[PDB]
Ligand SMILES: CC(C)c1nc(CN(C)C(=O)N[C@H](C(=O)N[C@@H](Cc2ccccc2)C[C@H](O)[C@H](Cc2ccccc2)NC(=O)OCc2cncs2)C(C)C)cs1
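There is one chain below, alone, in structure tokens, taken in the form deposited without the named molecule.
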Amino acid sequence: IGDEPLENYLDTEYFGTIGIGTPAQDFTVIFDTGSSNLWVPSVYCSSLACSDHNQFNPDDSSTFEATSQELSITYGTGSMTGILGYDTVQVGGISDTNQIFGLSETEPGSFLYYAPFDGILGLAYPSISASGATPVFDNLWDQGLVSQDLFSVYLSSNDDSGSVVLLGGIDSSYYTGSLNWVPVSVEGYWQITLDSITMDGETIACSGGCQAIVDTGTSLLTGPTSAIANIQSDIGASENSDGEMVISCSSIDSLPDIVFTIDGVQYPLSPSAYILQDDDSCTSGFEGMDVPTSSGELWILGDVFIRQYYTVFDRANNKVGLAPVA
């Protein structure tokens, strides 16, 4: 069982520390169930984001092995370019040997410039891995470095320390009642089938059901813009002059819960979770983002959702386990 504690940065981003090389070079990376590649800034990167983040220097490692494979990945937030290399990666006290990862060359954008983390560590299926690069968890499993082919995530609230990624285990004390298992619907992302969304006996969105993904890498709850608008309406969010989707903090005490039906079990989200409160400003936890796939317009169950449900990702079984947090 590997134990990777995670930093809770303003309830928006959660990142943990990893070591790469011998002796280890330390990096912070976001633990994303929405991607599958592992990558960190390198000495080969001249970009601005690379000038205010720790850079991996392969010349300093005795266990580094180069390759001529190039890497190019585009996210909803930007792009990155680099090369693949193999080295030992320390993650959650586990020494993941002969792990392929990318050395960045370019990281264009002010988004990475600003980010508190240095790289990303993907936790989704190998099927969405750029360059076919073996993901960290697969490599742990392939070398018998973990006992069970699963990982579990506990994300804290209120900026408290305590969020964790448990590689090859479940911590029965982080949840209540029993774990409910949902079949993965499409293996790429941790994609599941969302039955409906409801407010007081009424189906406010995703009628006849839809497709959602469980993503630790996304802060809010996203859906197609058209359906998000209906929800925004139903909870009292209105667009302010500076773009924001402001809401009256009083609504928190007054609004009902939005219930997500997954495989037939009801998963309530309380106004306390879906409205964000920061010094007198309360805003919506819902966001408009058309994420057109083949099998639809995706809904992203982001940190807003995850912080309320302990989540287990099971690759043995291809299932998602959810239980209300303790």
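Quick note: we count residues from 1 along the sequence shown, nothing fancier.
**Q** Higher average CA B factor in the deposited record is what I'm after, so tell me if that's 189-197 or 242-250.
**A** Result: 242-250.
**Q** Tell me which stretch has the larger mean Cα B-factor in this entry, 12-20 or 309-317.
**A** Going by the record's values, the stretch with the higher mean is 309-317.
**Q** Tell me, please, which of 265, 40, 301, 43 has the highest C-alpha B factor according to the deposited entry?
**A** Of the candidates given, the C-alpha B-factor peaks at 265.
**Q** Could you check 99, 152, 143, 225 and tell me which one carries the biggest Cα B-factor in the deposited entry?
**A** Checking the PDB record, the top C-alpha B-factor among 99, 152, 143, 225 is at 225.
**Q** Name the third of the chain's ranked CA B-factors that contains residue 271, choosing lowest, middle or highest.
**A** Its C-alpha B-factor belongs to the middle third of this chain's values.
**Q** Quick one: classify residue 61 as lowest, middle or highest third of the chain based on its Cα B-factor.
**A** Within its chain, residue 61 is a middle-third residue by C-alpha B-factor, going by the deposited values.
**Q** Taking the chain's C-alpha temperature factors as the reference, tell me which third residue 209 falls into: lowest, middle or highest.
**A** Within its chain, residue 209 is a highest-third residue by C-alpha B-factor, going by the deposited values.
**Q** Would you check the entry's CA temperature factor for residue 32 and let me know if it's in the chain's lowest, middle or highest third?
**A** Lowest third.
**Q** By the record's CA B-factor, is residue 110 among the lowest, middle or highest third of residues in the chain?
**A** It falls in the top third of the chain.
The protein also exists as the form deposited with the named molecule bound; that form is not presented, and the subsequent description refers to it.
**Q** In the entry with it bound, do 74, 291 and 300 all put a heavy atom within 4.5 Å of the named molecule?
**A** Yes, the whole candidate spot contacts the named molecule.
**Q** Can you check 148-156, 77-85, 196-204, 167-175 and let me know which stretch has heavy atoms within 4.5 Å of the named molecule in the entry with it bound?
**A** Answer to the contact question: 77-85.
**Q** Sort through 140, 210, 100, 120 and report the residue having a heavy atom within 4.5 Å of the named molecule in the entry with it bound.
**A** Looking at the other structure, the residue within range turns out to be 120.
**Q** I'd like to check something about residue 96: if you look in the entry with it bound, is any of its heavy atoms closer than or equal to 4.5 Å to a heavy atom of the named molecule?
**A** Judged by the heavy-atom cut-off of 4.5 Å, residue 96 is well away from the named molecule in the entry with it bound.
**Q** Is residue 128 close to the named molecule in the entry with it bound, meaning a heavy atom pair under 4.5 Å apart or at it?
**A** The answer is yes: residue 128 has a heavy atom within 4.5 Å of the named molecule.
**Q** Find out whether any non-hydrogen atom of residue 163 is located within 4.5 angstroms of the named molecule in the entry with it bound, and reply yes or no.
**A** So residue 163 does not count as contacting the named molecule.
**Q** Does the 4.5 Å heavy atom contact test between residue 35 and the named molecule in the entry with it bound come out positive?
**A** Yes.
**Q** Counting only non-hydrogen atoms and a 4.5 Å cut-off, give the residues of 1-16 close to the named molecule in the entry with it bound.
**A** Contacts from 1-16: 12, 13.
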